>>> print(open('run_30.cif').read())   # mmCIF, N, CA and C atoms
data_target
loop_
_atom_site.label_atom_id
_atom_site.label_comp_id
_atom_site.auth_asym_id
_atom_site.auth_seq_id
_atom_site.Cartn_x
_atom_site.Cartn_y
_atom_site.Cartn_z
N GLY U 1 7.50 -11.14 -5.99
CA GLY U 1 8.69 -10.33 -5.56
C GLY U 1 9.25 -9.44 -6.66
N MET U 2 10.24 -8.60 -6.31
CA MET U 2 10.88 -7.76 -7.32
C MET U 2 11.53 -8.62 -8.40
N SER U 3 11.21 -8.35 -9.66
CA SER U 3 11.84 -9.09 -10.75
C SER U 3 13.36 -9.00 -10.65
N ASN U 4 14.02 -10.14 -10.85
CA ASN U 4 15.48 -10.16 -10.86
C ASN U 4 16.03 -9.35 -12.01
N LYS U 5 15.19 -9.02 -12.98
CA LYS U 5 15.65 -8.22 -14.09
C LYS U 5 16.06 -6.81 -13.66
N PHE U 6 15.52 -6.32 -12.53
CA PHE U 6 15.99 -5.04 -11.99
C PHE U 6 17.42 -5.09 -11.50
N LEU U 7 17.93 -6.26 -11.13
CA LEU U 7 19.23 -6.36 -10.48
C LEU U 7 20.35 -6.05 -11.47
N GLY U 8 21.39 -5.34 -11.02
CA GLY U 8 22.51 -5.06 -11.88
C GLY U 8 22.91 -3.60 -11.84
N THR U 9 23.71 -3.20 -12.83
CA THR U 9 24.27 -1.86 -12.91
C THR U 9 23.66 -1.15 -14.09
N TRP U 10 23.18 0.06 -13.85
CA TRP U 10 22.40 0.80 -14.81
C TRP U 10 23.09 2.12 -15.08
N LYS U 11 23.24 2.46 -16.36
CA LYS U 11 23.90 3.69 -16.77
C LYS U 11 22.87 4.65 -17.33
N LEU U 12 22.90 5.87 -16.83
CA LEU U 12 21.97 6.87 -17.30
C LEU U 12 22.23 7.15 -18.78
N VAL U 13 21.17 7.16 -19.57
CA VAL U 13 21.34 7.42 -21.00
C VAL U 13 20.43 8.55 -21.45
N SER U 14 19.55 9.02 -20.56
CA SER U 14 18.56 10.01 -20.99
C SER U 14 17.90 10.64 -19.77
N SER U 15 17.70 11.95 -19.79
CA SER U 15 17.08 12.65 -18.67
C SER U 15 16.32 13.87 -19.17
N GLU U 16 15.04 13.95 -18.83
CA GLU U 16 14.22 15.11 -19.15
C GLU U 16 13.65 15.68 -17.86
N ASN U 17 13.79 16.99 -17.72
CA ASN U 17 13.15 17.79 -16.68
C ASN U 17 13.70 17.51 -15.28
N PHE U 18 14.92 17.01 -15.18
CA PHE U 18 15.49 16.78 -13.85
C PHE U 18 15.69 18.10 -13.11
N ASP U 19 16.13 19.16 -13.81
CA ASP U 19 16.32 20.43 -13.13
C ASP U 19 15.02 20.95 -12.52
N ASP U 20 13.92 20.95 -13.29
CA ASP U 20 12.65 21.38 -12.70
C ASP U 20 12.26 20.49 -11.53
N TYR U 21 12.51 19.18 -11.63
CA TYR U 21 12.17 18.29 -10.52
C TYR U 21 12.94 18.70 -9.26
N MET U 22 14.26 18.86 -9.37
CA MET U 22 15.06 19.29 -8.22
C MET U 22 14.53 20.61 -7.67
N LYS U 23 14.20 21.54 -8.56
CA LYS U 23 13.70 22.83 -8.11
C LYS U 23 12.39 22.65 -7.35
N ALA U 24 11.49 21.79 -7.85
CA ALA U 24 10.25 21.54 -7.12
C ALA U 24 10.50 20.91 -5.76
N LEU U 25 11.58 20.15 -5.61
CA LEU U 25 11.93 19.57 -4.32
C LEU U 25 12.56 20.58 -3.38
N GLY U 26 12.89 21.76 -3.86
CA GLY U 26 13.53 22.74 -2.99
C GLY U 26 15.03 22.70 -3.02
N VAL U 27 15.63 22.05 -4.01
CA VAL U 27 17.07 21.96 -4.11
C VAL U 27 17.65 23.32 -4.46
N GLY U 28 18.73 23.69 -3.77
CA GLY U 28 19.41 24.95 -3.98
C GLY U 28 20.18 25.00 -5.28
N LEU U 29 20.65 26.21 -5.57
CA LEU U 29 21.35 26.54 -6.81
C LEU U 29 22.57 25.66 -7.06
N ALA U 30 23.39 25.44 -6.02
CA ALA U 30 24.66 24.75 -6.19
C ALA U 30 24.46 23.26 -6.38
N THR U 31 23.55 22.68 -5.61
CA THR U 31 23.27 21.27 -5.77
C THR U 31 22.57 20.99 -7.10
N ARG U 32 21.70 21.89 -7.57
CA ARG U 32 21.13 21.74 -8.91
C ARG U 32 22.22 21.73 -9.96
N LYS U 33 23.13 22.69 -9.87
CA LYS U 33 24.21 22.77 -10.84
C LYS U 33 24.99 21.46 -10.87
N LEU U 34 25.37 20.94 -9.70
CA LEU U 34 26.10 19.68 -9.66
C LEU U 34 25.22 18.50 -10.06
N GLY U 35 23.93 18.55 -9.75
CA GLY U 35 23.06 17.43 -10.08
C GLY U 35 22.82 17.28 -11.57
N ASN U 36 22.73 18.41 -12.29
CA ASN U 36 22.45 18.38 -13.72
C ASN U 36 23.64 17.93 -14.53
N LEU U 37 24.83 17.97 -13.94
CA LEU U 37 26.05 17.44 -14.54
C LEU U 37 26.35 16.01 -14.15
N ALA U 38 25.75 15.51 -13.06
CA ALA U 38 26.27 14.33 -12.34
C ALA U 38 26.27 13.05 -13.19
N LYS U 39 25.24 12.84 -14.02
CA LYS U 39 25.08 11.62 -14.82
C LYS U 39 25.48 10.35 -14.04
N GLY U 40 24.63 9.94 -13.12
CA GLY U 40 24.95 8.86 -12.22
C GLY U 40 24.68 7.46 -12.77
N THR U 41 25.31 6.50 -12.12
CA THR U 41 25.07 5.08 -12.30
C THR U 41 24.23 4.56 -11.14
N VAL U 42 23.26 3.70 -11.41
CA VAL U 42 22.41 3.13 -10.37
C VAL U 42 22.64 1.63 -10.31
N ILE U 43 22.97 1.13 -9.12
CA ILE U 43 23.23 -0.28 -8.89
C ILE U 43 22.17 -0.83 -7.94
N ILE U 44 21.39 -1.78 -8.43
CA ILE U 44 20.35 -2.43 -7.64
C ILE U 44 20.82 -3.83 -7.30
N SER U 45 20.81 -4.14 -6.01
CA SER U 45 21.26 -5.43 -5.53
C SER U 45 20.29 -5.89 -4.45
N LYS U 46 20.38 -7.16 -4.08
CA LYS U 46 19.57 -7.70 -3.00
C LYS U 46 20.37 -8.73 -2.22
N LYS U 47 20.17 -8.73 -0.91
CA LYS U 47 20.68 -9.77 -0.01
C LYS U 47 19.46 -10.25 0.76
N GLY U 48 18.96 -11.43 0.42
CA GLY U 48 17.73 -11.91 1.02
C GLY U 48 16.54 -11.06 0.64
N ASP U 49 15.82 -10.53 1.62
CA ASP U 49 14.68 -9.66 1.34
C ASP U 49 15.04 -8.17 1.50
N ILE U 50 16.32 -7.84 1.59
CA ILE U 50 16.77 -6.45 1.66
C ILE U 50 17.31 -6.06 0.30
N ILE U 51 16.68 -5.07 -0.30
CA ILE U 51 17.05 -4.54 -1.61
C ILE U 51 17.89 -3.29 -1.35
N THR U 52 18.96 -3.14 -2.11
CA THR U 52 19.80 -1.96 -2.01
C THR U 52 19.81 -1.27 -3.35
N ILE U 53 19.62 0.04 -3.32
CA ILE U 53 19.69 0.88 -4.50
C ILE U 53 20.80 1.88 -4.24
N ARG U 54 21.86 1.79 -5.02
CA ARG U 54 23.03 2.64 -4.85
C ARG U 54 23.17 3.54 -6.07
N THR U 55 23.34 4.86 -5.84
CA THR U 55 23.50 5.83 -6.91
C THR U 55 24.89 6.43 -6.79
N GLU U 56 25.70 6.29 -7.84
CA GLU U 56 27.10 6.72 -7.81
C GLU U 56 27.33 7.86 -8.79
N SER U 57 28.00 8.91 -8.33
CA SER U 57 28.42 9.98 -9.23
C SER U 57 29.72 10.58 -8.73
N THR U 58 30.36 11.35 -9.61
CA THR U 58 31.59 12.02 -9.22
C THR U 58 31.32 13.02 -8.10
N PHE U 59 30.13 13.62 -8.11
CA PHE U 59 29.73 14.52 -7.03
C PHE U 59 29.46 13.75 -5.73
N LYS U 60 28.54 12.79 -5.74
CA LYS U 60 28.06 12.20 -4.50
C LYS U 60 27.62 10.77 -4.76
N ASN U 61 27.93 9.87 -3.83
CA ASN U 61 27.42 8.50 -3.84
C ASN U 61 26.42 8.37 -2.68
N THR U 62 25.27 7.79 -2.94
CA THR U 62 24.32 7.52 -1.87
C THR U 62 23.78 6.12 -2.05
N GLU U 63 23.16 5.60 -0.99
CA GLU U 63 22.45 4.34 -1.17
C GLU U 63 21.37 4.18 -0.12
N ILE U 64 20.35 3.42 -0.47
CA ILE U 64 19.29 3.06 0.46
C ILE U 64 19.18 1.54 0.44
N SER U 65 18.88 0.97 1.60
CA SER U 65 18.55 -0.45 1.73
C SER U 65 17.20 -0.55 2.43
N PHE U 66 16.35 -1.47 1.96
CA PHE U 66 14.98 -1.50 2.44
C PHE U 66 14.35 -2.86 2.17
N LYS U 67 13.26 -3.10 2.88
CA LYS U 67 12.38 -4.22 2.62
C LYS U 67 11.05 -3.70 2.04
N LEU U 68 10.49 -4.42 1.09
CA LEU U 68 9.31 -3.92 0.41
C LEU U 68 8.21 -3.66 1.44
N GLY U 69 7.56 -2.52 1.30
CA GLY U 69 6.44 -2.15 2.14
C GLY U 69 6.78 -1.79 3.58
N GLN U 70 8.05 -1.69 3.95
CA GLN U 70 8.40 -1.31 5.32
C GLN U 70 9.07 0.07 5.29
N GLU U 71 8.43 1.03 5.95
CA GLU U 71 8.90 2.40 5.95
C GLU U 71 10.28 2.51 6.59
N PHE U 72 11.11 3.39 6.05
CA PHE U 72 12.46 3.57 6.55
C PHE U 72 12.84 5.03 6.45
N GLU U 73 13.80 5.41 7.27
CA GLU U 73 14.31 6.77 7.28
C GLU U 73 15.38 6.92 6.21
N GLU U 74 15.35 8.04 5.50
CA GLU U 74 16.28 8.28 4.42
C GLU U 74 16.78 9.71 4.55
N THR U 75 18.08 9.91 4.37
CA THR U 75 18.61 11.26 4.18
C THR U 75 19.03 11.30 2.72
N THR U 76 18.31 12.09 1.93
CA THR U 76 18.47 12.09 0.49
C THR U 76 19.74 12.83 0.10
N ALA U 77 20.11 12.71 -1.17
CA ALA U 77 21.31 13.39 -1.66
C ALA U 77 21.23 14.89 -1.45
N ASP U 78 20.03 15.46 -1.55
CA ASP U 78 19.82 16.88 -1.34
C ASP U 78 19.47 17.21 0.10
N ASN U 79 19.73 16.29 1.04
CA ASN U 79 19.60 16.53 2.49
C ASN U 79 18.17 16.69 2.98
N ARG U 80 17.22 16.05 2.33
CA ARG U 80 15.92 15.92 2.92
C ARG U 80 15.93 14.72 3.86
N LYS U 81 15.30 14.89 5.02
CA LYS U 81 15.14 13.82 6.00
C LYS U 81 13.73 13.30 5.79
N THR U 82 13.62 12.16 5.11
CA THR U 82 12.33 11.68 4.68
C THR U 82 12.00 10.34 5.33
N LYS U 83 10.71 10.05 5.29
CA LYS U 83 10.16 8.73 5.56
C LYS U 83 9.79 8.14 4.21
N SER U 84 10.37 6.99 3.88
CA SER U 84 10.26 6.44 2.55
C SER U 84 9.72 5.02 2.61
N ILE U 85 9.05 4.62 1.53
CA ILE U 85 8.53 3.26 1.40
C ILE U 85 8.66 2.86 -0.05
N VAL U 86 9.08 1.61 -0.30
CA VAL U 86 9.17 1.08 -1.65
C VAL U 86 8.19 -0.08 -1.74
N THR U 87 7.35 -0.05 -2.77
CA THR U 87 6.31 -1.04 -3.00
C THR U 87 6.41 -1.55 -4.42
N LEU U 88 5.68 -2.64 -4.67
CA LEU U 88 5.68 -3.30 -5.95
C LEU U 88 4.24 -3.29 -6.45
N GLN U 89 4.04 -2.72 -7.62
CA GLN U 89 2.71 -2.56 -8.20
C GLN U 89 2.82 -2.85 -9.69
N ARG U 90 2.17 -3.93 -10.13
CA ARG U 90 2.20 -4.34 -11.54
C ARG U 90 3.62 -4.35 -12.10
N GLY U 91 4.55 -4.93 -11.36
CA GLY U 91 5.92 -5.00 -11.85
C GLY U 91 6.73 -3.71 -11.78
N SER U 92 6.12 -2.60 -11.39
CA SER U 92 6.84 -1.35 -11.19
C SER U 92 7.31 -1.27 -9.76
N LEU U 93 8.52 -0.78 -9.58
CA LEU U 93 9.11 -0.65 -8.26
C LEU U 93 8.94 0.82 -7.85
N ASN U 94 8.09 1.06 -6.86
CA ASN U 94 7.55 2.40 -6.60
C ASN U 94 8.00 2.90 -5.24
N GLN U 95 8.68 4.04 -5.24
CA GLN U 95 9.20 4.65 -4.03
C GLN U 95 8.45 5.95 -3.73
N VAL U 96 8.01 6.12 -2.49
CA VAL U 96 7.47 7.39 -2.03
C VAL U 96 8.36 7.92 -0.91
N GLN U 97 8.63 9.23 -0.93
CA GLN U 97 9.34 9.91 0.14
C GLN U 97 8.44 10.99 0.70
N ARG U 98 8.33 11.05 2.02
CA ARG U 98 7.51 12.03 2.72
C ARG U 98 8.35 12.82 3.71
N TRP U 99 8.12 14.13 3.70
CA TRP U 99 8.82 15.05 4.60
C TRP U 99 8.08 16.38 4.66
N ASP U 100 8.00 16.94 5.85
CA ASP U 100 7.39 18.27 6.03
C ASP U 100 6.03 18.36 5.34
N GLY U 101 5.24 17.30 5.43
CA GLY U 101 3.94 17.26 4.78
C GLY U 101 3.97 17.24 3.27
N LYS U 102 5.14 17.07 2.66
CA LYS U 102 5.28 16.96 1.23
C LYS U 102 5.55 15.50 0.87
N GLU U 103 5.41 15.21 -0.42
CA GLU U 103 5.58 13.86 -0.91
C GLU U 103 6.08 13.92 -2.33
N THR U 104 7.01 13.03 -2.65
CA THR U 104 7.46 12.81 -4.02
C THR U 104 7.51 11.31 -4.28
N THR U 105 7.33 10.93 -5.53
CA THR U 105 7.36 9.52 -5.90
C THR U 105 8.39 9.30 -6.99
N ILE U 106 9.06 8.15 -6.92
CA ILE U 106 10.02 7.71 -7.94
C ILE U 106 9.58 6.33 -8.35
N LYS U 107 9.13 6.18 -9.59
CA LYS U 107 8.61 4.92 -10.09
C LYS U 107 9.57 4.39 -11.13
N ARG U 108 9.94 3.13 -10.97
CA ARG U 108 10.96 2.48 -11.78
C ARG U 108 10.34 1.26 -12.43
N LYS U 109 10.32 1.24 -13.76
CA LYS U 109 9.75 0.15 -14.53
C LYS U 109 10.75 -0.27 -15.59
N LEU U 110 10.63 -1.52 -16.04
CA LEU U 110 11.44 -2.05 -17.13
C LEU U 110 10.65 -1.96 -18.44
N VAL U 111 11.29 -1.41 -19.47
CA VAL U 111 10.67 -1.16 -20.76
C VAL U 111 11.66 -1.57 -21.84
N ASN U 112 11.40 -2.71 -22.47
CA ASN U 112 12.25 -3.23 -23.53
C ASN U 112 13.72 -3.17 -23.14
N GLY U 113 14.02 -3.69 -21.94
CA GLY U 113 15.38 -3.81 -21.47
C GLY U 113 15.93 -2.61 -20.72
N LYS U 114 15.31 -1.45 -20.85
CA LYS U 114 15.74 -0.22 -20.17
C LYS U 114 15.02 -0.08 -18.84
N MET U 115 15.64 0.62 -17.89
CA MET U 115 14.94 1.01 -16.67
C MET U 115 14.53 2.46 -16.81
N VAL U 116 13.24 2.72 -16.67
CA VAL U 116 12.66 4.04 -16.80
C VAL U 116 12.23 4.50 -15.43
N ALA U 117 12.81 5.60 -14.96
CA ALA U 117 12.48 6.19 -13.67
C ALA U 117 11.65 7.44 -13.91
N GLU U 118 10.42 7.42 -13.42
CA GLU U 118 9.57 8.57 -13.48
C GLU U 118 9.43 9.18 -12.08
N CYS U 119 9.83 10.43 -11.96
CA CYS U 119 9.85 11.12 -10.66
C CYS U 119 8.88 12.27 -10.69
N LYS U 120 7.99 12.33 -9.71
CA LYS U 120 6.95 13.37 -9.70
C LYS U 120 6.98 14.15 -8.40
N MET U 121 6.93 15.48 -8.50
CA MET U 121 6.77 16.36 -7.36
C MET U 121 5.84 17.48 -7.79
N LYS U 122 4.71 17.60 -7.11
CA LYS U 122 3.63 18.52 -7.47
C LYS U 122 3.22 18.17 -8.89
N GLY U 123 3.29 19.08 -9.85
CA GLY U 123 2.95 18.77 -11.22
C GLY U 123 4.17 18.63 -12.10
N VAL U 124 5.34 18.43 -11.50
CA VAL U 124 6.56 18.32 -12.28
C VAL U 124 6.91 16.84 -12.43
N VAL U 125 7.25 16.42 -13.65
CA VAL U 125 7.54 15.02 -13.95
C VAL U 125 8.90 14.94 -14.61
N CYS U 126 9.83 14.23 -13.97
CA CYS U 126 11.13 13.93 -14.55
C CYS U 126 11.18 12.48 -15.00
N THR U 127 11.71 12.27 -16.19
CA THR U 127 11.91 10.93 -16.74
C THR U 127 13.39 10.72 -16.98
N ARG U 128 13.93 9.67 -16.39
CA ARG U 128 15.31 9.27 -16.58
C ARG U 128 15.31 7.84 -17.07
N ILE U 129 16.08 7.58 -18.11
CA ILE U 129 16.16 6.27 -18.74
C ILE U 129 17.56 5.72 -18.56
N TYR U 130 17.63 4.47 -18.16
CA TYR U 130 18.88 3.78 -17.90
C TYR U 130 18.99 2.54 -18.79
N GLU U 131 20.22 2.23 -19.18
CA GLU U 131 20.54 1.00 -19.88
C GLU U 131 21.34 0.12 -18.94
N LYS U 132 21.13 -1.19 -19.07
CA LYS U 132 21.89 -2.15 -18.29
C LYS U 132 23.24 -2.36 -18.94
N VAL U 133 24.28 -2.39 -18.11
CA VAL U 133 25.65 -2.51 -18.58
C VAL U 133 26.39 -3.63 -17.89
#
>>> encode(input="run_30.cif", output="structure tokens")
Amino acid sequence: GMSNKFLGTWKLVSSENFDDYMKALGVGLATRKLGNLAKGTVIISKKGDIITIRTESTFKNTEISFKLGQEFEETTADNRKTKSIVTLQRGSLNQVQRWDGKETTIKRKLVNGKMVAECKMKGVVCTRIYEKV
């Protein structure tokens, strides 16, 4: 199952190439501007076999709840209506979102106490690093 080490509140401490990632996703000018300032907190929790990932910012709060390997509908912060699945692969918590024949992945791994989120769309790679607080 998902390591309990993922559970808790995570503070963004580092972000590379998030703007290009949003642009590759088709995010508009205004949401990019707000997104690059947002510096969100991510809260991962579980109730039974339902995992919840909540992202909080002064701009926008969103959350998803899911069971591993079971596809679910998601309306993303940037208003994509996606089909999403979260899987577990070698201890990495891996999310895929599909919409309009496109796909993006968000991979979350633990690295010396930090949570590292690698987000890929086409050939664009965003890395966001979080510390547990």
>>> atom_distance(input="run_30.cif", atom1="atom N of residue 4 in chain U", atom2="CA of residue 41 in chain U")
18.9 Å
>>> residues_around(input="run_30.cif", residues="range 10-16 of chain U", least_positions_apart="3", cutoff="7 Å", atoms="only C-alpha atoms", output="short mmCIF file (atom, residue, chain, number, x, y, z; two decimals) with N, CA and C atoms, in the coordinates of the input")
data_model
loop_
_atom_site.label_atom_id
_atom_site.label_comp_id
_atom_site.auth_asym_id
_atom_site.auth_seq_id
_atom_site.Cartn_x
_atom_site.Cartn_y
_atom_site.Cartn_z
N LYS U 39 25.24 12.84 -14.02
CA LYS U 39 25.08 11.62 -14.82
C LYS U 39 25.48 10.35 -14.04
N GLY U 40 24.63 9.94 -13.12
CA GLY U 40 24.95 8.86 -12.22
C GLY U 40 24.68 7.46 -12.77
N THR U 41 25.31 6.50 -12.12
CA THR U 41 25.07 5.08 -12.30
C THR U 41 24.23 4.56 -11.14
N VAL U 42 23.26 3.70 -11.41
CA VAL U 42 22.41 3.13 -10.37
C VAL U 42 22.64 1.63 -10.31
N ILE U 43 22.97 1.13 -9.12
CA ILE U 43 23.23 -0.28 -8.89
C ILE U 43 22.17 -0.83 -7.94
N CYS U 126 9.83 14.23 -13.97
CA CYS U 126 11.13 13.93 -14.55
C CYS U 126 11.18 12.48 -15.00
N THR U 127 11.71 12.27 -16.19
CA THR U 127 11.91 10.93 -16.74
C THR U 127 13.39 10.72 -16.98
N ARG U 128 13.93 9.67 -16.39
CA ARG U 128 15.31 9.27 -16.58
C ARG U 128 15.31 7.84 -17.07
N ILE U 129 16.08 7.58 -18.11
CA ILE U 129 16.16 6.27 -18.74
C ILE U 129 17.56 5.72 -18.56
N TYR U 130 17.63 4.47 -18.16
CA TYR U 130 18.88 3.78 -17.90
C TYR U 130 18.99 2.54 -18.79
N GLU U 131 20.22 2.23 -19.18
CA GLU U 131 20.54 1.00 -19.88
C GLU U 131 21.34 0.12 -18.94
N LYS U 132 21.13 -1.19 -19.07
CA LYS U 132 21.89 -2.15 -18.29
C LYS U 132 23.24 -2.36 -18.94
N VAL U 133 24.28 -2.39 -18.11
CA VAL U 133 25.65 -2.51 -18.58
C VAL U 133 26.39 -3.63 -17.89
#
>>> atom_distance(input="run_30.cif", atom1="CA of residue 7 in chain U", atom2="CA of residue 116 in chain U")
13.8 Å
>>> atom_distance(input="run_30.cif", atom1="atom N of residue 68 in chain U", atom2="CA of residue 80 in chain U")
21.1 Å
>>> resolve_selection(input="run_30.cif", expression="the PyMOL selection byres ((chain U and resi 63) around 8)", output="PyMOL selection string")
chain U and resi 52-56+60-62+64-66+74-75+77
>>> select_by_dssp(input="run_30.cif", residues="range 29-126 of chain U", states="helix (DSSP H, G or I)", output="list in words")
residues 29, 30, 31, 32, 33, 34, 35, 36, 37 and 38 of chain U
>>> resolve_selection(input="run_30.cif", expression="the PyMOL selection byres ((chain U and resi 99-102) around 6)", output="number ranges by chain")
U: 81-83, 97-98, 103-104
>>> closest_residue(input="run_30.cif", among="U:87, U:96, U:49, U:25", to="residue 121 in chain U", atoms="only N, CA and C atoms")
U:25
>>> residues_near_point(input="run_30.cif", point="(5.7, -4.6, 2.8)", cutoff="9 Å", atoms="only C-alpha atoms", output="count of residues only")
9
>>> closest_residue(input="run_30.cif", among="U:78, U:73, U:93, U:123", to="residue 35 in chain U", atoms="only C-alpha atoms")
U:78
>>> build_atoms(input="run_30.cif", residues="range 86-99 of chain U", atoms="N, CA, C and O atoms", output="PDB file, in the coordinates of the input")
ATOM      1  N   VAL U  86       9.080   1.610  -0.300  1.00  0.00           N
ATOM      2  CA  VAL U  86       9.170   1.080  -1.650  1.00  0.00           C
ATOM      3  C   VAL U  86       8.190  -0.080  -1.740  1.00  0.00           C
ATOM      4  O   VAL U  86       8.177  -0.940  -0.861  1.00  0.00           O
ATOM      5  N   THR U  87       7.350  -0.050  -2.770  1.00  0.00           N
ATOM      6  CA  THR U  87       6.310  -1.040  -3.000  1.00  0.00           C
ATOM      7  C   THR U  87       6.410  -1.550  -4.420  1.00  0.00           C
ATOM      8  O   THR U  87       7.132  -1.006  -5.256  1.00  0.00           O
ATOM      9  N   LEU U  88       5.680  -2.640  -4.670  1.00  0.00           N
ATOM     10  CA  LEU U  88       5.680  -3.300  -5.950  1.00  0.00           C
ATOM     11  C   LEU U  88       4.240  -3.290  -6.450  1.00  0.00           C
ATOM     12  O   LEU U  88       3.331  -3.754  -5.750  1.00  0.00           O
ATOM     13  N   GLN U  89       4.040  -2.720  -7.620  1.00  0.00           N
ATOM     14  CA  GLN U  89       2.710  -2.560  -8.200  1.00  0.00           C
ATOM     15  C   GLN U  89       2.820  -2.850  -9.690  1.00  0.00           C
ATOM     16  O   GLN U  89       3.473  -2.103 -10.429  1.00  0.00           O
ATOM     17  N   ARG U  90       2.170  -3.930 -10.130  1.00  0.00           N
ATOM     18  CA  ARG U  90       2.200  -4.340 -11.540  1.00  0.00           C
ATOM     19  C   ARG U  90       3.620  -4.350 -12.100  1.00  0.00           C
ATOM     20  O   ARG U  90       3.879  -3.881 -13.210  1.00  0.00           O
ATOM     21  N   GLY U  91       4.550  -4.930 -11.360  1.00  0.00           N
ATOM     22  CA  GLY U  91       5.920  -5.000 -11.850  1.00  0.00           C
ATOM     23  C   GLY U  91       6.730  -3.710 -11.780  1.00  0.00           C
ATOM     24  O   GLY U  91       7.917  -3.722 -12.127  1.00  0.00           O
ATOM     25  N   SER U  92       6.120  -2.600 -11.390  1.00  0.00           N
ATOM     26  CA  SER U  92       6.840  -1.350 -11.190  1.00  0.00           C
ATOM     27  C   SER U  92       7.310  -1.270  -9.760  1.00  0.00           C
ATOM     28  O   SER U  92       6.597  -1.640  -8.818  1.00  0.00           O
ATOM     29  N   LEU U  93       8.520  -0.780  -9.580  1.00  0.00           N
ATOM     30  CA  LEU U  93       9.110  -0.650  -8.260  1.00  0.00           C
ATOM     31  C   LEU U  93       8.940   0.820  -7.850  1.00  0.00           C
ATOM     32  O   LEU U  93       9.542   1.707  -8.465  1.00  0.00           O
ATOM     33  N   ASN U  94       8.090   1.060  -6.860  1.00  0.00           N
ATOM     34  CA  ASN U  94       7.550   2.400  -6.600  1.00  0.00           C
ATOM     35  C   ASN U  94       8.000   2.900  -5.240  1.00  0.00           C
ATOM     36  O   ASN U  94       7.699   2.293  -4.213  1.00  0.00           O
ATOM     37  N   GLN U  95       8.680   4.040  -5.240  1.00  0.00           N
ATOM     38  CA  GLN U  95       9.200   4.650  -4.030  1.00  0.00           C
ATOM     39  C   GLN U  95       8.450   5.950  -3.730  1.00  0.00           C
ATOM     40  O   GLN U  95       8.268   6.777  -4.629  1.00  0.00           O
ATOM     41  N   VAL U  96       8.010   6.120  -2.490  1.00  0.00           N
ATOM     42  CA  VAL U  96       7.470   7.390  -2.030  1.00  0.00           C
ATOM     43  C   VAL U  96       8.360   7.920  -0.910  1.00  0.00           C
ATOM     44  O   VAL U  96       8.829   7.145  -0.067  1.00  0.00           O
ATOM     45  N   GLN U  97       8.630   9.230  -0.930  1.00  0.00           N
ATOM     46  CA  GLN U  97       9.340   9.910   0.140  1.00  0.00           C
ATOM     47  C   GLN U  97       8.440  10.990   0.700  1.00  0.00           C
ATOM     48  O   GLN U  97       7.876  11.773  -0.080  1.00  0.00           O
ATOM     49  N   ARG U  98       8.330  11.050   2.020  1.00  0.00           N
ATOM     50  CA  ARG U  98       7.510  12.030   2.720  1.00  0.00           C
ATOM     51  C   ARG U  98       8.350  12.820   3.710  1.00  0.00           C
ATOM     52  O   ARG U  98       9.165  12.264   4.450  1.00  0.00           O
ATOM     53  N   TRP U  99       8.120  14.130   3.700  1.00  0.00           N
ATOM     54  CA  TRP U  99       8.820  15.050   4.600  1.00  0.00           C
ATOM     55  C   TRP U  99       8.080  16.380   4.660  1.00  0.00           C
ATOM     56  O   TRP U  99       7.582  16.873   3.643  1.00  0.00           O
TER      57      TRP U  99
END
